[PDB]
């Protein structure tokens, strides 16, 4: 481990010594290599730049109590990137290629994986882009797959803390039959302006509703929503317009198999918020972001507290992060040791 202000990293870009890069040409991926060049050199006519033919992932490497480093369910990120690629007519990066590449980046930059137990991690950003020359709208025939990395902070140093979110019905991050279930730049571009709107009213982010009818919750910025009912059920939105987070599936799994809770993907109506005794957002970067209150029109709805975080949220957070950092026994197949 080098000497960085580990606890006070936030979540931002750092230029680390090595990234992985692989080129797709003539219907094939090359084997990939590590490069020291953090600048991409791509045609002015690259479809990633003109026609949004781009996708990314996000996953973390965690240092454990004995010093060894591990990935958490990177097979799930690979499969999500494959579905995202299909939607945008990009060639898939196979799961074994993806996971191997991720490991190569962690190993090559292992001294940047923060010490146990800062709660800090090495964040990996895989990126898949259409390059080469295309002027009429059409998929590329050349692609780049790259994974670069940066250390990121806990974000909950001081413990879990609630923040407030805004439902703002005159913005959609995705269409009903658009690219919402694909991790692509286009969805994020649409979120820039509503994000700014939320921020200027002192909310963390916007909670988006279903684009067809605007009556059901879709997601919290780029993260998934979950609610806990009085009968200790875990409920998260299910829509074909929603990005399915690895964190959400993991929480679904742990809620059931560790806590004996009914854990389902169902619709969550904005008119039934009192159904939930606790609520939060979940995702790789976020882990769990407890929701204090949600603003919708005139109304400000507080699930549990504006200052404290609920017991069930606490329990799920402790168990998920424990597994990720290796302090709690993992479900079968979830942990991928970086030196294996």
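Numbering follows the first chain given and starts at 1.
A.B. asks: Give the stretch, out of 55-63 and 298-306, with the larger mean C-alpha temperature factor in the deposited entry.
C.D. replies: Result: 298-306.
A.B. asks: I need to verify one thing: averaged over C-alpha atoms only, is the B-factor higher for 192-200 or for 139-147?
C.D. replies: If you average the C-alpha B-factors of 192-200 and of 139-147, the larger mean comes out for 192-200.
A.B. asks: Identify, among 241, 109, 92, 121, the residue whose C-alpha carries the highest B-factor in the deposited PDB entry.
C.D. replies: Of the candidates given, the C-alpha B-factor peaks at 241.
A.B. asks: Out of 79, 100, 170, 86, whose C-alpha atom has the biggest B factor in the entry?
C.D. replies: So the option with the highest C-alpha B-factor is 170.
A.B. asks: Please rank the C-alpha B-factors of the chain's modelled residues and tell me whether residue 322 sits in the lowest, middle or highest third.
C.D. replies: Residue 322: CA B-factor falls in the lowest third of its chain.
A.B. asks: How does the C-alpha B factor of residue 42 compare with the rest of the chain: lowest, middle or highest third?
C.D. replies: For residue 42, whose C-alpha B-factor we compare with every modelled residue in the chain, the answer is the lowest third.
A.B. asks: Grab the CA temperature factor for residue 286 from the record and place it in the lowest, middle or highest third of its chain.
C.D. replies: According to the entry, residue 286 has a C-alpha B-factor in the chain's highest third.
A.B. asks: Can you work out whether the C-alpha temperature factor of residue 236 puts it in the lowest, middle or highest third of the chain?
C.D. replies: It falls in the middle third of the chain.
A.B. asks: Report the third (lowest, middle or highest) to which the CA temperature factor of residue 262 belongs, ranking only the modelled residues of the same chain.
C.D. replies: Within its chain, residue 262 is a highest-third residue by C-alpha B-factor, going by the deposited values.
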